[PDB]
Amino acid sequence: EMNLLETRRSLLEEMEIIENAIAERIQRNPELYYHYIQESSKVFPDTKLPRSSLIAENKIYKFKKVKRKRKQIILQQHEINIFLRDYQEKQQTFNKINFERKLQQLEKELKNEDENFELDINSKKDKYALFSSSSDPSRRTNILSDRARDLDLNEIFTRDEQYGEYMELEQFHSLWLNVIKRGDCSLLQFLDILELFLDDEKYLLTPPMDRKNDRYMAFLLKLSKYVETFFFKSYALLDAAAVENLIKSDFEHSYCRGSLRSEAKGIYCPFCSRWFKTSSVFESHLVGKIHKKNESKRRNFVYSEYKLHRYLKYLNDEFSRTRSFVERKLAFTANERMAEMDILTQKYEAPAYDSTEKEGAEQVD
């Protein structure tokens, strides 16, 4: 029947093709990797990152490549994302898959249908093509490959997020007003509230509201979810599962194990919101009916809070960037604010590749 050798072969070949594609990409615009890698650096500390000079000059060896706009970088990153998905799949199936009389036997049946007048140049060409730059238009209109021809970022990012530049928190300011049952809270004071979650202890010991309040816990859930999805949305290239598991293990091994310690009050517990003299009473409190109840009711919330914490930490640069944006827009006039909005809009509804872009304008060094 089907000779597995051929199948495994085609698999290794396709894997090669994909690696070559995302490598060509990483070649034309090194930022694609650089960007990614930098973020990775602050999640998995061990990661080795390139020389700063390379990053800045946007070069990999000698040639400094043209700087690309954000929308395109992100696009290609999501494309490479699906590529890596394909690759992972093929690698999987492959792992699950890995005489003379028969030679003439098959060579005889190969004589079948001799009159098959047709040119066959479509195995490596249809694949190579299936994964290359500009595979959609007639010649050069759309950077997206035929593989991901229906990939659209605007269905993943809103206009106010600007493909990861900012995160839209106005909505959450609304919900928040609804939560505090007043209006004493401004967008900026709300952001001031969010800042608490950059600290390892503030969001825990100086809470905006009582952490056992319903409205509050619900809000926090929604917000947390948003921040996380935004995080992975803005950094396709990093292994999502890796990050998730890292955080989960940090949660189990440290956070819920008296990770918060004070020289005065001892050990704080996220679930019971109480301190403890020594580690001894702390341990014999983790079996008590109280802590069982709480850890059994408020588990999801505590975990979500924690995620909001660490994901907001990983996004400190975006948080700051947005807060800045807020203050700017706020200090605008009417005409100014209008023109700025115009700009965000144009950036939002613009082709990721312009008919007037450069290809092969490399400088040296």
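For every residue, the number given is its place in the sequence shown, counted from 1.
- Missing deposited residues between residue 98 and residue 99: 10 or more, all without coordinates in the entry.
- Higher average CA B factor: 140 to 148, of the stretches 140 to 148 and 163 to 171.
- If you average the C-alpha B-factors over 127 to 135 and over 78 to 86, the higher value belongs to 127 to 135.
- Across the residues 51, 329, 65, 310, the deposited record lists the maximum Cα B factor for 51.
- The PDB entry gives the largest Cα B-factor of the residues 73, 121, 191, 198 to 121.
- The PDB entry assigns residue 267 a C-alpha temperature factor belonging to the highest third of its chain's modelled residues.
- In this PDB entry, the Cα temperature factor of residue 186 sits in the bottom third of its chain's modelled residues, the lowest group.
- For residue 245, the recorded CA temperature factor ranks within the middle third of the chain's modelled residues.
- Among the modelled residues of its chain, residue 293 has a C-alpha B-factor that falls in the highest third according to the deposited record.
- Remark: residue 210 belongs to the middle third of its chain, ranked by C-alpha B-factor as recorded.
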